[PDB]
6 protein chains.
Amino acid sequence: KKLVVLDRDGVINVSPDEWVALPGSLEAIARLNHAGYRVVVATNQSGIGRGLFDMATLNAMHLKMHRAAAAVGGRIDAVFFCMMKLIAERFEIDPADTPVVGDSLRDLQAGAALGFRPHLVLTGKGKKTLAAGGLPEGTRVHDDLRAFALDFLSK
Amino acid sequence: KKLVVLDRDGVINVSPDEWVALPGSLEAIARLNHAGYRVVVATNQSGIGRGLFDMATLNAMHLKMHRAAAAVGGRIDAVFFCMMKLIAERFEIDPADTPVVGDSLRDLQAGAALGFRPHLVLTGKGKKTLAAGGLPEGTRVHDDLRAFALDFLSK
Amino acid sequence: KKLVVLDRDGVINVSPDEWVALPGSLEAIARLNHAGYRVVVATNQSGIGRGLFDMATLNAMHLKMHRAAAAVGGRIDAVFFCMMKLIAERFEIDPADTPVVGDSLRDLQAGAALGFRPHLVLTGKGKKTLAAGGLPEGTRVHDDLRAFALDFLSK
Amino acid sequence: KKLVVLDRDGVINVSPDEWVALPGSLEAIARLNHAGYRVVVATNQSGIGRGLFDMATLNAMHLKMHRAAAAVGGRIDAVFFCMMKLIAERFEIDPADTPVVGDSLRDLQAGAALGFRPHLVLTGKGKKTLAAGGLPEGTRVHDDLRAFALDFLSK
Amino acid sequence: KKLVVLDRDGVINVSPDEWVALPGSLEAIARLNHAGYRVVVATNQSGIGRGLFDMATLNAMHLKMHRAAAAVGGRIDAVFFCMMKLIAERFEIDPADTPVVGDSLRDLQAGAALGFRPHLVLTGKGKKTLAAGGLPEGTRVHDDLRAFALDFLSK
Amino acid sequence: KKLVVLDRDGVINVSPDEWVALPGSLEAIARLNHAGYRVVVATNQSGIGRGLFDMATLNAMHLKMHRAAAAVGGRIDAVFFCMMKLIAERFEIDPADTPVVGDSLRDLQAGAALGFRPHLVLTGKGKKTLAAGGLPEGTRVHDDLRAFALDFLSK
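Reading the values: rules and limits
- Residues numbered from 1 in each chain as written, not as in the entry; some residues may be left out.
- Chains lettered and ligands numbered in written order.
- Heavy atoms only, no water.
- Helix = DSSP H or I, 4+ residues; strand = E, 2+ residues; numbered from the N terminus.
- Rg over C-alpha atoms; globule rule 2.2 N^0.38 Å.
- Areas by Shrake-Rupley, 256 points an atom, 1.4 Å probe, with all protein chains shown as cover.
- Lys, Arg positive; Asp, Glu negative; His and termini not counted.
- Charge placed at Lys NZ, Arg CZ, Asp CG, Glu CD.
- Contact = heavy atoms within 4.5 Å.
- Buried area = accessible area lost by both parts, 1.4 Å probe.
- Salt bridge = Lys/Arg side-chain N within 4 Å of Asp/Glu carboxyl O.
- Polar contact = N/O pair within 3.5 Å; in protein donor to acceptor, adjacent residues only side chain to side chain.
- Nonpolar A, V, L, I, M, F, W, Y, C, P; charged D, E, K, R; others polar.
- Buried < 20%, exposed > 50% of the residue type's maximum accessible area, 1.4 Å probe, protein only.
- Least-squares fit on C-alpha atoms.
- UniProt positions renumbered as here; feature names shortened; annotations may be inferred.
- Expected span 1.5 Å × (residues − 1).
- Core = buried A, V, L, I, M, F, W, Y, C linked by side-chain atoms within 4.5 Å.

As recorded in the entry header, the structure was determined using X-ray crystallography to a resolution of 2.660 Å.

Peer 1: Sorry, what's going on with the overall build of chain A here?
Peer 2: Summing up its helical and strand segments, chain A has 6 helices and 6 strands in all. Starting at the N terminus and walking to the C terminus, you meet the elements of chain A as β-α-β-α-β-α-β-α-β-α-β-α. Here the C-alpha atoms of chain A give a radius of gyration of 15 Å, agreeing with the 15 Å that 2.2 N^0.38 yields for 155 residues. Reported as C-alpha extents along the three principal axes, the dimensions of chain A are approximately 40 × 35 × 30 Å. Total accessible area computed for chain A in this model is approximately 7,400 Å², and 52% of it derives from carbon and sulfur atoms. Of note, chain A has its 19 positive side-chain charges centred 1 Å away from the centre of its 17 negative side-chain charges.

Peer 1: I keep staring at the interface of chain E and chain D and nothing clicks. Help me out?
Peer 2: Where interface size is given, it is often the accessible area lost as the parts come together that is meant. Counting residues at the interface gives 17 residues for chain E and 18 residues for chain D. Regarding the contact of chain E and chain D, the summed buried area is about 1,600 Å², with carbon and sulfur atoms giving 65% of it. On the chain E side of the interface with chain D, the three residues burying the most area are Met55, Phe80 and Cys82 of chain E, jointly 37% of the side's total. Taken together, the links from chain E to chain D amount to 1 salt bridge. For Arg90 of chain D, the salt bridge is made with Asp54 of chain E, and the minimal N-O distance between the two is 2.7 Å. Remark: the boundary between chain E and chain D carries 6 residue pairs in polar contact. Secondary structure elements with two or more residues in the side of chain E that touches chain D: α2 (55-71) and β3 (76-81) of chain E. Of the residues contributing to the side of chain E that touches chain D, the split by class is 10 nonpolar, 5 polar and 2 charged.

Peer 1: For this particular structure, what's the right way to read the environment of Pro136 of chain E?
Peer 2: All names here are of chain E. With respect to the element layout, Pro136 can be found in the loop between α5 (126-132) and β6 (140-142). Residues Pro136 and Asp94, spaced 42 residues apart in sequence, show a C-alpha to C-alpha distance of 19 Å. Apart from residues no more than four positions distant in its own chain, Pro136 is found in contact with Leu108, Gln109, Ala112 and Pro118.

Peer 1: Got a minute to help me understand the side chain of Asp103 of chain F in this structure?
Peer 2: Residues and elements named next belong to chain F. When you line up the elements, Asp103 lands in the loop between β4 (99-102) and α4 (105-112). Within the buried core, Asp103 has no salt-bridge partner, and the shortest N-O distance to an opposite charge, that of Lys125, equals 7.1 Å. There is a polar contact of 3.2 Å between the side chain of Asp103 and the backbone nitrogen of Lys125. Those residues in contact with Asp103, other than ones at most four positions away along the chain, are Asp7, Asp9, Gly10, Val11, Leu120, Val121, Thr123, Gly124, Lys125, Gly126 and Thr129.

Peer 1: Even after reading the chapter, I still don't get the relation of the copies chain E and chain D, so can you show me in this structure?
Peer 2: Two copies of the chain are present, and they differ by a rotation about an axis and a shift along that axis. When chain E is brought onto chain D, the operation consists of a screw motion whose angular component is 180° and whose axial shift is 0.0 Å, with 0.4 Å RMSD remaining. Viewed as a symmetry operation, the transformation between the two copies matches a two-fold axis. Closest approach to the rotation axis within chain E is made by the C-alpha atom of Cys82 of chain E, at a distance of 2.7 Å. The residues that chain E uses at the interface reappear at the interface of chain D in 100% of cases, marking a shared surface.

Peer 1: Please explain the UniProt feature "active site" (unreviewed entry) in chain A as it appears in this structure.
Peer 2: Residues and elements named next belong to chain A. The UniProt record annotates "active site" (unreviewed entry) at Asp7 and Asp9. For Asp7, the location among the structural elements is in strand β1 (residues 2-7). Here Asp7 is in contact with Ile12, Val41, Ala42, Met83, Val101, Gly102, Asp103, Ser104 and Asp107, once residues within four sequence places are set aside. For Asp9, the location among the structural elements is in the loop between β1 and α1 (23-34). The class for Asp9 is partly exposed, based on a relative accessible area of 31%. The residues touching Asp9, leaving out its near neighbours within four places in the chain, are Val14 and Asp103. At 2.3 Å, the side chain of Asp9 and the side chain of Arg8 are in polar contact.

Peer 1: What's the story with helix α1 (residues 23-34) of chain B in this structure? I'm lost.
Peer 2: Along an α-helix, residues three or four positions apart point the same way, because every turn accommodates 3.6 residues. Given a rise of 1.5 Å per residue, 12 residues ought to cover 16 Å, and the 17 Å separating the end C-alpha atoms of α1 of chain B matches this to within 8%. Of all 12 residues that make up α1 of chain B, 9 are buried, and the element is covered over most of its length. Inspection of α1 of chain B places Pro23, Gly24, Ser25, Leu26, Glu27, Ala28, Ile29, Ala30 and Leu32 of chain B among the buried residues, and these make up the whole buried set. Its buried side turned inward, α1 of chain B meets β1 (2-7), β2 (37-44), α2 (55-71) and α6 (145-152) of chain B together with α1 (23-34) of chain C. At the exit of α1 of chain B stands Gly36 of chain B, carrying a positive phi of roughly 95°.

Peer 1: Would you mind showing me how to read the interface of chain B and chain A here?
Peer 2: The interface is formed by 20 residues belonging to chain B together with 19 residues belonging to chain A. Summing both partners gives a buried area of about 1,900 Å² for chain B against chain A, and 61% of it is carried by carbon and sulfur. For chain B, the biggest contributors to the area lost against chain A are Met55, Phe80 and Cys82 of chain B; these three give 32% of the whole. Summed over the shared surface of chain B and chain A, the result is 2 salt bridges. For the interface between chain B and chain A, the tally reads 5 residue pairs in polar contact. Looking at the side of chain B that touches chain A, the elements that each hand over two or more residues are α2, β3 (77-81) and α3 (84-90) of chain B. Broken down by element, the side of chain B that touches chain A gets its largest block of residues, 5 residues, from α2 of chain B. Partitioning the side of chain B that touches chain A into residue classes produces 10 nonpolar, 6 polar and 4 charged.

Peer 1: Help me understand the environment of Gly24 of chain E in this model?
Peer 2: With respect to the helices and strands, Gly24 of chain E occurs in helix α1 (residues 23-34). Expressed as a C-alpha distance, the spacing of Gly24 of chain E and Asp54 of chain E, which sit 30 residues apart in the sequence, is 30 Å.

Peer 1: Help me understand the nonpolar core, please; the structure alone is not making it clear to me.
Peer 2: Side chains of nonpolar character tend, in soluble globular proteins, to be buried together. Within the largest apolar cluster, 91 residues are counted, with the highest numbers of intra-cluster contacts made by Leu6 and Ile12 of chain A together with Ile12 of chain C. If we ignore the near neighbours within four places in the chain, the residues touching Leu6 of chain A are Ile12, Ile29, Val39, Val40, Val41, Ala42, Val101 and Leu145 of chain A. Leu58 of chain D, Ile76 and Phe152 of chain E together with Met65 of chain F belong to the second largest nonpolar core, which has 90 residues in total.

If you want it as structure tokens, here you go:
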């Protein structure tokens, strides 16, 4: 059971109830599905409006997220963090056999330290992150998640 | 609309499925409801087994809590944090007319600085917090939430 | 295995599915449980909306009952009657080592005739039963189940 | 003024005072020194004969350390820990420009978490560590510290 | 030669730069010394500004300390940890004849697990520790070390 | 300008190097300091073996004093005489607003002649002085310096 770890913000999507995904990203997940990977989407909770929410806000968001993937026949495993230390553990994976995909230094740098294969996408904060440097030695960089999925899908 | 802000841990209660409420706290909430108060339960997401949860884990807890309140005909307003500056903002209430109840220092000093009237319960961390001192000037101290509710419901 | 017989109506609680318990009775049940008593909740079936019910209503009431108990970490054995004559035998007890707690003359007098130690709670019909008089010679009287439990747990 | 972080045990050396350095490791420090690097030797204090020590044992050990380096004209900054997170503060260096060198997972994974360039030496636990895997993505491997310096003084 | 194992933090003293003893603790050491007790002061090194220090810093703290006892004519044996399992071993004493004194839970349970007679001082973490509970069966409690010495020196 | 004049001998302490302070005397001075007083410790040089000292011993003598005070976080102004007539001169103080503390008649009698407020401590020669009588009219008497500080700190 193979796995792929994705950040939510700036990776899949750009009001918390007006949630909208990048069109290239749904393609990415589904194409990942047919190739046999379980896709875990890690949502960093520090970016939920500074912690003010009832259950209604949370359900609407996962349902928007859940139905977005389903719209093109994809499947994700939604997790929420308040991370990589646990993702390799909550799930059935060798970190060394697992890609982590994000747009920020914090996550990719965190993941690579445990053996995760870090991928950077230039959408959102991605272009800022690349120019700023300080990224892990073997990081591959992609225009978007569609490109990651396409590239990460060859060999 | 009158209001009462409660911390969850060590105040109302003792995948985490073995969830159990204090009986005095259920009574406390019910007495508060009949007296016309909105009871807001503030849950620090920093306490969800260190950020390891799907939506299923989150739903189970809100349902467990909800059925507890409902069990005696009480109602809570569930909020989840990842605080007080926003609780006072999400709800339309005068902080000077609002109690915050907890067993820990962090929350009570934070609330009182904005005008909240701080109450400490000696359950959980409660006895520990009292001895450590450093509490706001006008802090009242109670055996438990049942004691708070009984004491507080005087005016 | 020690035992305590409780009536459902007017002892634990105030539409059969819109069922709601007094919180002190939940405390009592939890307090009795921690003290090692098996708690039998005896439901007089002529009081399920005066003998009108399908199974769905019965199931909802039973789950409502258990979830109330579970909310504070309690355990009850809910049995349904169409009483005391059979309860001490359905369970393994010397009637003389078991209190019966109720709000009515009928059952307390029935149990006491069998050796049960009769207790009256003044909640619900409690004030009425007492004033009507005619209670068994050694009947002990308590404000509520919370009070019963406190007094009972002494010997 | 450039810097290089070294773990002490299994990297530089083979009773805490019966301390003896690998002759190649002394050469390494001098070569790093002569090329203008400050060499910080990090001693995990739980590894002073497994954390049992007075001041006399500690002083001689630092002196044994100091005397080993002086024998070949080297200079080190010996710090003692009870990690990487703080080393970056006592010294003023960008982790992205600094190698951390060890024979263990603990340190290199810690260093990599800060942006440090992880290097593994196969002395001591090194071969054991190498075989165990789970090492950060950009981890470089050297036969010993003499070899590290040679490779490191290439770029 | 009888012995007394003392925790330094929260027991004897209030950056090692400004290291300062309670005047009553100094009397205690001198009074204990004169009664023929060797006073061992155990310093948990995780608490040197959370393990960030050179040798000068360690020596300075040891000198501040050494000078304090002598200032009132006291003598100590300073040990440093990075525990109880070894102290009764590094020193030649029966744990059953030795008090271990601290203001923390961490310390006393370890000693008590080995046969040490646990003493709590209410200084530092002491009052909070007492309230937190979970402490060993035969724990004696003193306001401070000055008080401990008086109680201890009775038979 | 607030200030307090103390004799050294028999007030603070019990070979010029074998100098040892009373722990209560160390405490007293700090309490006086934290309460904002500059403390002058007067050493009558004519009572240390008739001037048989060079500079090394004298500094050592002064350093012992400095370290005793520092041990509890104290500050003193150490003066050496070969008096009160001059003490009022080095410092800018009204003698009527300044207490002088010693254990002997000679010094207290000198101070009172200048307007100083004479205090006797019964430590050392204190017991000798009291019994001998002949003290100034308003002379106050204390068990020790530890005791002096408490009474003085009243207004």
